[PDB]
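Below is the file structure_0.csv, which contains CSV, C-alpha atoms and all ligand atoms.
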chain,number,residue,atom,x,y,z
U,4,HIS,CA,44.0,20.0,24.9
U,5,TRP,CA,43.5,23.3,23.0
U,6,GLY,CA,40.7,23.6,20.5
U,7,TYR,CA,37.9,25.9,19.4
U,8,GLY,CA,35.3,25.2,22.1
U,9,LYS,CA,34.2,27.5,24.8
U,10,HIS,CA,36.4,25.7,27.3
U,11,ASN,CA,39.6,25.4,25.2
U,12,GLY,CA,39.2,28.0,22.5
U,13,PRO,CA,41.3,31.1,21.4
U,14,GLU,CA,40.6,33.0,24.6
U,15,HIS,CA,42.3,30.2,26.6
U,16,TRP,CA,45.3,29.5,24.5
U,17,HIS,CA,47.6,32.0,26.2
U,18,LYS,CA,47.7,29.9,29.4
U,19,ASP,CA,49.7,27.1,27.7
U,20,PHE,CA,51.1,29.3,24.9
U,21,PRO,CA,52.0,32.7,26.4
U,22,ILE,CA,53.1,33.9,23.0
U,23,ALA,CA,49.4,34.2,22.2
U,24,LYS,CA,49.7,37.7,23.6
U,25,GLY,CA,52.9,38.4,21.7
U,26,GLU,CA,54.1,41.3,19.4
U,27,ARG,CA,53.4,39.7,16.0
U,28,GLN,CA,50.4,37.4,16.4
U,29,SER,CA,48.1,36.4,13.5
U,30,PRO,CA,45.6,36.8,12.1
U,31,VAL,CA,44.9,40.5,11.9
U,32,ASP,CA,42.3,42.8,10.4
U,33,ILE,CA,43.6,44.3,7.1
U,34,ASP,CA,42.7,48.0,7.0
U,35,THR,CA,42.7,48.6,3.3
U,36,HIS,CA,43.0,52.3,3.6
U,37,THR,CA,45.9,52.1,6.1
U,38,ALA,CA,47.9,49.5,4.2
U,39,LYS,CA,50.6,51.3,2.2
U,40,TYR,CA,51.5,50.4,-1.3
U,41,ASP,CA,55.2,49.4,-1.5
U,42,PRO,CA,56.6,49.9,-5.0
U,43,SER,CA,59.6,47.9,-4.0
U,44,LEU,CA,57.6,44.7,-3.5
U,45,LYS,CA,58.3,42.3,-6.3
U,46,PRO,CA,55.6,40.2,-8.1
U,47,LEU,CA,55.0,36.9,-6.2
U,48,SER,CA,56.4,33.8,-7.9
U,49,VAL,CA,54.2,30.8,-7.3
U,50,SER,CA,55.7,27.7,-9.0
U,51,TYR,CA,53.4,24.7,-8.4
U,52,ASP,CA,53.8,22.9,-11.7
U,53,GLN,CA,55.9,20.1,-10.1
U,54,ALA,CA,53.9,19.8,-6.9
U,55,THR,CA,53.7,16.3,-5.4
U,56,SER,CA,50.7,16.0,-3.2
U,57,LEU,CA,50.6,12.9,-1.0
U,58,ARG,CA,47.9,12.6,1.6
U,59,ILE,CA,45.0,14.3,3.2
U,60,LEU,CA,44.7,14.1,7.0
U,61,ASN,CA,42.0,15.1,9.5
U,62,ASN,CA,44.1,16.3,12.5
U,63,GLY,CA,41.2,17.1,14.8
U,64,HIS,CA,41.5,20.9,14.1
U,65,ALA,CA,41.3,21.0,10.3
U,66,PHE,CA,42.4,18.8,7.4
U,67,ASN,CA,45.8,19.1,5.8
U,68,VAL,CA,46.7,18.2,2.2
U,69,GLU,CA,50.4,17.2,2.5
U,70,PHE,CA,53.1,17.5,-0.1
U,71,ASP,CA,56.5,16.0,-0.7
U,72,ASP,CA,58.9,18.8,0.5
U,73,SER,CA,62.1,16.8,0.3
U,74,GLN,CA,63.0,18.6,-2.9
U,75,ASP,CA,62.4,22.0,-4.5
U,76,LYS,CA,59.2,21.1,-6.3
U,77,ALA,CA,56.3,23.4,-5.4
U,78,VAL,CA,57.8,26.7,-4.2
U,79,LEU,CA,57.0,30.3,-3.4
U,80,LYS,CA,59.5,33.0,-4.0
U,81,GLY,CA,59.6,36.8,-4.7
U,82,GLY,CA,57.2,39.2,-3.3
U,83,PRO,CA,58.5,40.2,0.2
U,84,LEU,CA,60.5,37.1,0.4
U,85,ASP,CA,64.3,36.4,0.2
U,86,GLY,CA,65.0,32.9,-0.7
U,87,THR,CA,63.0,29.8,-1.6
U,88,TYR,CA,60.1,28.5,0.4
U,89,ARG,CA,58.8,24.9,-0.2
U,90,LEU,CA,55.1,24.0,0.0
U,91,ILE,CA,54.6,21.5,2.8
U,92,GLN,CA,50.8,21.5,3.3
U,93,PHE,CA,47.6,23.5,2.9
U,94,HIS,CA,44.6,23.6,5.1
U,95,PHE,CA,41.5,25.8,5.6
U,96,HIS,CA,39.6,27.6,8.4
U,97,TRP,CA,35.9,27.9,8.0
U,98,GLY,CA,32.7,28.8,9.8
U,99,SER,CA,29.4,27.3,10.8
U,100,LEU,CA,27.7,30.1,8.7
U,101,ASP,CA,28.7,31.7,5.4
U,102,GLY,CA,29.1,35.1,7.2
U,103,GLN,CA,32.1,33.9,9.2
U,104,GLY,CA,35.1,31.6,8.9
U,105,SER,CA,38.1,33.5,7.8
U,106,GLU,CA,40.9,34.4,10.1
U,107,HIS,CA,42.2,37.5,8.5
U,108,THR,CA,39.5,40.1,7.8
U,109,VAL,CA,39.4,43.0,5.3
U,110,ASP,CA,38.0,46.2,6.7
U,111,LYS,CA,36.4,44.0,9.4
U,112,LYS,CA,34.8,41.9,6.7
U,113,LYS,CA,34.8,38.1,7.4
U,114,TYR,CA,34.8,35.6,4.5
U,115,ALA,CA,33.3,32.1,4.7
U,116,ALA,CA,36.7,30.4,4.9
U,117,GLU,CA,40.4,31.0,4.4
U,118,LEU,CA,42.9,28.8,2.7
U,119,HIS,CA,46.5,28.6,4.1
U,120,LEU,CA,49.2,27.3,1.8
U,121,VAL,CA,52.2,26.7,4.2
U,122,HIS,CA,55.8,27.0,2.9
U,123,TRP,CA,59.1,26.9,4.7
U,124,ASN,CA,62.4,28.6,4.0
U,125,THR,CA,64.9,26.0,2.5
U,127,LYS,CA,67.8,27.7,4.2
U,128,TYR,CA,66.7,26.1,7.4
U,129,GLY,CA,66.7,22.5,6.2
U,130,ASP,CA,63.4,21.3,7.6
U,131,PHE,CA,60.1,22.6,8.8
U,132,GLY,CA,60.8,22.0,12.5
U,133,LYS,CA,63.9,24.2,12.3
U,134,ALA,CA,62.1,26.8,10.2
U,135,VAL,CA,59.4,27.5,12.7
U,136,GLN,CA,62.0,28.6,15.2
U,137,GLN,CA,63.1,31.5,12.9
U,138,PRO,CA,61.5,34.9,12.3
U,139,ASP,CA,61.6,34.3,8.5
U,140,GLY,CA,61.1,30.6,8.6
U,141,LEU,CA,57.7,30.3,7.0
U,142,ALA,CA,55.7,32.0,4.3
U,143,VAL,CA,52.0,31.4,4.3
U,144,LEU,CA,49.9,32.3,1.3
U,145,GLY,CA,46.4,33.1,2.5
U,146,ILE,CA,43.4,33.1,0.2
U,147,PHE,CA,39.9,34.0,1.1
U,148,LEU,CA,36.8,32.0,0.1
U,149,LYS,CA,33.5,33.5,-0.6
U,150,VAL,CA,30.3,31.6,-1.3
U,151,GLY,CA,29.0,31.8,-4.9
U,152,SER,CA,30.0,29.8,-7.9
U,153,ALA,CA,31.8,26.4,-7.4
U,154,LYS,CA,35.6,26.3,-7.5
U,155,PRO,CA,36.3,23.3,-9.8
U,156,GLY,CA,39.8,22.9,-8.5
U,157,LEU,CA,38.4,22.3,-5.0
U,158,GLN,CA,36.0,19.5,-5.8
U,159,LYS,CA,38.6,16.7,-5.5
U,160,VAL,CA,39.2,17.8,-1.9
U,161,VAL,CA,35.4,18.0,-1.2
U,162,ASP,CA,34.8,14.6,-2.6
U,163,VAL,CA,37.3,12.8,-0.4
U,164,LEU,CA,36.2,14.4,3.0
U,165,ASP,CA,33.8,11.6,3.8
U,166,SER,CA,36.8,9.2,4.0
U,167,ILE,CA,38.5,11.4,6.7
U,168,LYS,CA,35.5,12.3,8.7
U,169,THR,CA,37.1,12.0,12.1
U,170,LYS,CA,40.3,12.9,13.9
U,171,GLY,CA,43.2,10.7,13.0
U,172,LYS,CA,41.9,9.5,9.7
U,173,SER,CA,43.9,10.0,6.5
U,174,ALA,CA,43.6,9.0,2.8
U,175,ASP,CA,45.8,9.0,-0.2
U,176,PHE,CA,45.7,12.3,-2.0
U,177,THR,CA,48.2,12.1,-4.8
U,178,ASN,CA,48.1,13.9,-8.1
U,179,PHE,CA,46.3,17.0,-6.8
U,180,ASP,CA,47.2,20.3,-8.5
U,181,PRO,CA,47.1,23.2,-6.0
U,182,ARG,CA,47.2,25.7,-8.9
U,183,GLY,CA,43.4,25.0,-9.1
U,184,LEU,CA,42.9,26.8,-5.8
U,185,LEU,CA,44.4,30.2,-6.9
U,186,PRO,CA,42.5,33.3,-8.0
U,187,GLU,CA,43.4,35.1,-11.2
U,188,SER,CA,45.3,37.9,-9.6
U,189,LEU,CA,48.3,37.6,-7.3
U,190,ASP,CA,47.9,41.1,-5.8
U,191,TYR,CA,48.5,40.8,-2.1
U,192,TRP,CA,49.0,42.4,1.3
U,193,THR,CA,52.0,41.3,3.5
U,194,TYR,CA,53.0,41.6,7.1
U,195,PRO,CA,55.1,39.7,9.7
U,196,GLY,CA,53.0,37.3,11.8
U,197,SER,CA,52.6,33.9,13.3
U,198,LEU,CA,51.0,30.5,13.1
U,199,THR,CA,47.3,30.9,13.9
U,200,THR,CA,47.0,27.8,16.1
U,201,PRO,CA,49.2,26.7,18.9
U,202,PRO,CA,52.2,26.8,19.2
U,203,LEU,CA,51.5,30.2,17.7
U,204,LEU,CA,55.1,30.7,16.7
U,205,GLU,CA,56.1,34.1,15.3
U,206,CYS,CA,57.8,32.7,12.3
U,207,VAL,CA,55.5,33.6,9.4
U,208,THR,CA,55.7,36.2,6.6
U,209,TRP,CA,52.1,36.5,5.7
U,210,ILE,CA,51.1,37.0,2.1
U,211,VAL,CA,47.3,37.5,1.8
U,212,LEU,CA,45.8,37.6,-1.7
U,213,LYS,CA,43.4,40.5,-2.3
U,214,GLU,CA,41.2,38.5,-4.7
U,215,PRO,CA,39.0,35.8,-3.0
U,216,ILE,CA,38.2,32.6,-4.8
U,217,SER,CA,34.5,31.6,-5.0
U,218,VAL,CA,33.3,28.2,-3.8
U,219,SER,CA,29.7,26.9,-3.8
U,220,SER,CA,27.4,26.6,-0.9
U,221,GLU,CA,27.5,22.8,-1.4
U,222,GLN,CA,31.3,22.7,-1.2
U,223,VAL,CA,31.6,24.6,2.1
U,224,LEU,CA,28.6,22.7,3.5
U,225,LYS,CA,30.6,19.5,3.1
U,226,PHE,CA,33.6,21.1,5.0
U,227,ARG,CA,31.1,21.5,7.9
U,228,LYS,CA,30.2,17.8,8.0
U,229,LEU,CA,33.7,16.9,9.2
U,230,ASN,CA,34.3,16.0,12.8
U,231,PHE,CA,36.7,17.4,15.5
U,232,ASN,CA,36.2,14.1,17.4
U,233,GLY,CA,37.7,10.7,16.7
U,234,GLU,CA,35.7,7.7,15.6
U,235,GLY,CA,33.5,6.2,18.3
U,236,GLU,CA,33.2,9.5,20.2
U,237,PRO,CA,30.3,12.0,20.5
U,238,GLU,CA,30.0,13.9,17.2
U,239,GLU,CA,31.3,17.5,17.3
U,240,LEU,CA,31.1,19.2,13.9
U,241,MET,CA,34.3,20.7,12.7
U,242,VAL,CA,33.1,24.3,12.2
U,243,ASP,CA,34.4,27.7,13.4
U,244,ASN,CA,38.0,26.5,13.6
U,245,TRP,CA,39.2,30.1,13.1
U,246,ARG,CA,41.1,32.4,15.5
U,247,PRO,CA,39.8,36.0,15.5
U,248,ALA,CA,41.8,39.0,14.6
U,249,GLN,CA,44.7,39.9,17.0
U,250,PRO,CA,46.2,43.4,17.8
U,251,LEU,CA,48.3,44.7,15.0
U,252,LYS,CA,50.6,46.4,17.5
U,253,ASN,CA,53.9,47.7,16.0
U,254,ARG,CA,53.4,46.4,12.5
U,255,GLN,CA,52.7,47.8,9.1
U,256,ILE,CA,50.7,45.9,6.4
U,257,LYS,CA,52.1,46.5,3.0
U,258,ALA,CA,50.2,46.3,-0.3
U,259,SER,CA,51.7,45.1,-3.6
U,260,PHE,CA,49.2,47.0,-5.6
U,261,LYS,CA,47.9,50.5,-6.4
X,301,LIG,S1,48.6,28.9,9.1
X,301,LIG,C1,49.4,27.6,9.9
X,301,LIG,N1,50.3,26.7,9.4
X,301,LIG,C2,50.6,25.9,10.4
X,301,LIG,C3,51.5,24.8,10.5
X,301,LIG,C4,51.6,24.1,11.7
X,301,LIG,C5,50.9,24.6,12.9
X,301,LIG,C6,50.0,25.7,12.8
X,301,LIG,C7,49.9,26.3,11.6
X,301,LIG,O1,49.1,27.4,11.2
X,302,ZN,ZN,46.0,28.1,9.1

How does this structure look as structure tokens?
Amino acid sequence: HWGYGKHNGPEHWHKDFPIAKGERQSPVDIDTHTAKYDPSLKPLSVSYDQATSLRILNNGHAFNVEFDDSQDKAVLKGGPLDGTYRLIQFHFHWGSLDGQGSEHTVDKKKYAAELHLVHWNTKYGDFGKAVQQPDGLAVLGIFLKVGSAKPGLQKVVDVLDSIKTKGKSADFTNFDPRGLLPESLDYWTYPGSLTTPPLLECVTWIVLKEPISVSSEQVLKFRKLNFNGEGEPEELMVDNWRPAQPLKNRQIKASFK
């Protein structure tokens, strides 16, 4: 019954998911002056040329664009990672206003939205097993700021009216996720967790420094989605982000400068 309302939002999650107050929870604020450059960090390897998207689903919390992860197709490697991580889905977190929406923050700055490209470590066989491991997932986080339109995001925006409510899905084949990436792959990285229940501490976070720009019309359409199912009172799907959590005993490393 968890969600993003006053009654079941982030401040309530710890009751059903005690790990919400754990030692490596996400998101976090990225203090740019405190993040240390790690010359040993390798360039990130994002290989999405063979990606096979399949479907887009409104799950009542956000919408997921799902991929075929039964083979090494779209994969993330390098950077802070050991091994190969397969892309399984991507989703976003956004706000009701352009001044809020991202989960991670940069020197306390909030972006209008944040894209999460979720990948799982192939050494664990499947996603369900991977989330039970400290190095099971690698999530590539990309900030969205409002300005010029992002062409590669338009196919997603255009299909949203067909998955307006919780439980609705639609075919979403032949979508190229490379169109959602910024020019630079410079990043910050730290050990964290899923940002919605079950809040499992299985994620190596890789957050890109360069945000992508999307238009006001594009994000406006995200805000027309519904948290509710069809035939239920309309609750706009906005502010589906968890605020920054205590960094605790962790160091955020930078791949640049
Ligand atoms: S980020 C991110 N990826 C996730 C996958 C499953 C459940 C929660 C999640 O949060
Ligand atoms: Zn997420």

Taking all atoms listed in the file into account, report as a VMD selection string which residues have an atom no farther than 7 Å from an atom of ligand LIG 301 (chain X).
-> chain U and resid 119 121 143 198 to 203

Once you have the residues from the selection above, write them out as a PDB file, in the frame of the given file, restricted to C-alpha atoms.
ATOM      1  CA  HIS U 119      46.500  28.600   4.100  1.00  0.00           C
ATOM      2  CA  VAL U 121      52.200  26.700   4.200  1.00  0.00           C
ATOM      3  CA  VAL U 143      52.000  31.400   4.300  1.00  0.00           C
ATOM      4  CA  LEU U 198      51.000  30.500  13.100  1.00  0.00           C
ATOM      5  CA  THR U 199      47.300  30.900  13.900  1.00  0.00           C
ATOM      6  CA  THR U 200      47.000  27.800  16.100  1.00  0.00           C
ATOM      7  CA  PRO U 201      49.200  26.700  18.900  1.00  0.00           C
ATOM      8  CA  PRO U 202      52.200  26.800  19.200  1.00  0.00           C
ATOM      9  CA  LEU U 203      51.500  30.200  17.700  1.00  0.00           C
TER      10      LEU U 203
END

Using all atoms listed in the file, which of the listed residues (U:139, U:32, U:239, U:187) sits closest to residue 86 of chain U?
->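 Smallest distance to residue 86 of chain U is found for U:139.
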
When distances are computed from only C-alpha atoms, which of U:205, U:169, U:177, U:34 shows the smallest separation from residue 21 of chain U?
->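 Closest residue, counting only C-alpha atoms: U:205.
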
May I ask which of the residues U:97, U:179, U:70, U:88 is the closest one to residue 141 of chain U, counting all atoms listed in the file?
-> U:88

Selection: 12 Å around residue 23 of chain U, only C-alpha atoms, excl. self and same-chain fewer than 3 positions, as a list in words |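 The neighbour list is residues 12, 13, 14, 15, 16, 17, 18, 19, 20, 26, 27, 28, 29, 30, 196, 197, 198, 199, 200, 201, 202, 203, 204, 205, 246, 247, 248, 249 and 250 of chain U.
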
Near residue 134 of chain U, within 12 Å and counting only C-alpha atoms, which residues show up once chain neighbours fewer than 2 positions away are dropped, as a JSON list (two decimals) with C-alpha atoms, keeping the file's coordinate frame?
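Result went into out25.json, see below:
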[["chain", "number", "residue", "atom", "x", "y", "z"],
["U", 88, "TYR", "CA", 60.10, 28.50, 0.40],
["U", 89, "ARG", "CA", 58.80, 24.90, -0.20],
["U", 91, "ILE", "CA", 54.60, 21.50, 2.80],
["U", 121, "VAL", "CA", 52.20, 26.70, 4.20],
["U", 122, "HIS", "CA", 55.80, 27.00, 2.90],
["U", 123, "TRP", "CA", 59.10, 26.90, 4.70],
["U", 124, "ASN", "CA", 62.40, 28.60, 4.00],
["U", 125, "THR", "CA", 64.90, 26.00, 2.50],
["U", 127, "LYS", "CA", 67.80, 27.70, 4.20],
["U", 128, "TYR", "CA", 66.70, 26.10, 7.40],
["U", 129, "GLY", "CA", 66.70, 22.50, 6.20],
["U", 130, "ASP", "CA", 63.40, 21.30, 7.60],
["U", 131, "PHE", "CA", 60.10, 22.60, 8.80],
["U", 132, "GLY", "CA", 60.80, 22.00, 12.50],
["U", 136, "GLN", "CA", 62.00, 28.60, 15.20],
["U", 137, "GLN", "CA", 63.10, 31.50, 12.90],
["U", 138, "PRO", "CA", 61.50, 34.90, 12.30],
["U", 139, "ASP", "CA", 61.60, 34.30, 8.50],
["U", 140, "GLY", "CA", 61.10, 30.60, 8.60],
["U", 141, "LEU", "CA", 57.70, 30.30, 7.00],
["U", 142, "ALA", "CA", 55.70, 32.00, 4.30],
["U", 204, "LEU", "CA", 55.10, 30.70, 16.70],
["U", 205, "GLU", "CA", 56.10, 34.10, 15.30],
["U", 206, "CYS", "CA", 57.80, 32.70, 12.30],
["U", 207, "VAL", "CA", 55.50, 33.60, 9.40],
["U", 208, "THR", "CA", 55.70, 36.20, 6.60]]

Distance criterion (all atoms listed in the file): nearest to residue 60 of chain U out of U:85, U:238, U:175, U:162 =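 Answer, going by the shortest atom-to-atom distance: U:175.
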
Write out as an mmCIF file with C-alpha atoms, in the frame of the given file which residues come within 12 Å of residue 52 of chain U when counting all atoms listed in the file, dropping same-chain ones fewer than 3 positions away.
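Result file follows (out_19.cif):
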data_model
loop_
_atom_site.group_PDB
_atom_site.id
_atom_site.type_symbol
_atom_site.label_atom_id
_atom_site.label_comp_id
_atom_site.auth_asym_id
_atom_site.auth_seq_id
_atom_site.Cartn_x
_atom_site.Cartn_y
_atom_site.Cartn_z
ATOM 1 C CA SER U 48 56.400 33.800 -7.900
ATOM 2 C CA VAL U 49 54.200 30.800 -7.300
ATOM 3 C CA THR U 55 53.700 16.300 -5.400
ATOM 4 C CA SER U 56 50.700 16.000 -3.200
ATOM 5 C CA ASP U 75 62.400 22.000 -4.500
ATOM 6 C CA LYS U 76 59.200 21.100 -6.300
ATOM 7 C CA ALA U 77 56.300 23.400 -5.400
ATOM 8 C CA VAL U 78 57.800 26.700 -4.200
ATOM 9 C CA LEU U 79 57.000 30.300 -3.400
ATOM 10 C CA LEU U 90 55.100 24.000 0.000
ATOM 11 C CA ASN U 178 48.100 13.900 -8.100
ATOM 12 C CA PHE U 179 46.300 17.000 -6.800
ATOM 13 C CA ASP U 180 47.200 20.300 -8.500
ATOM 14 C CA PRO U 181 47.100 23.200 -6.000
ATOM 15 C CA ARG U 182 47.200 25.700 -8.900
ATOM 16 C CA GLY U 183 43.400 25.000 -9.100
#

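The neighbours of residue 186 of chain U here are the residues that come within 9 Å of it, using only C-alpha atoms and leaving out any residue fewer than 6 positions away in the same chain; they are residues 146, 212, 214, 215, 216 and 217 of chain U.
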
With all atoms listed in the file as the atoms that count, which of U:211, U:100, U:150, U:57 lies nearest to ligand ZN 302 (chain X)?
->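 Counting all atoms listed in the file, the residue closest to ligand ZN 302 (chain X) is U:211.
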
Can you tell me, as a PyMOL selection string, which residues sit within 12 Å of (54.6, 42.1, -11.2) in the file's frame, using all atoms listed in the file?
-> chain U and resi 42-49+81-82+188-191+259-261

Separation of atom CA of residue 9 of chain U from atom CA of residue 102 of chain U in Å = 19.8 Å

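Rounded to one decimal, atom CA of residue 36 of chain U and atom CA of residue 255 of chain U lie 12.0 Å from each other.
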
Atomic distance atom CA of residue 108 of chain U - atom CA of residue 96 of chain U, expressed in Å with one decimal = 12.5 Å
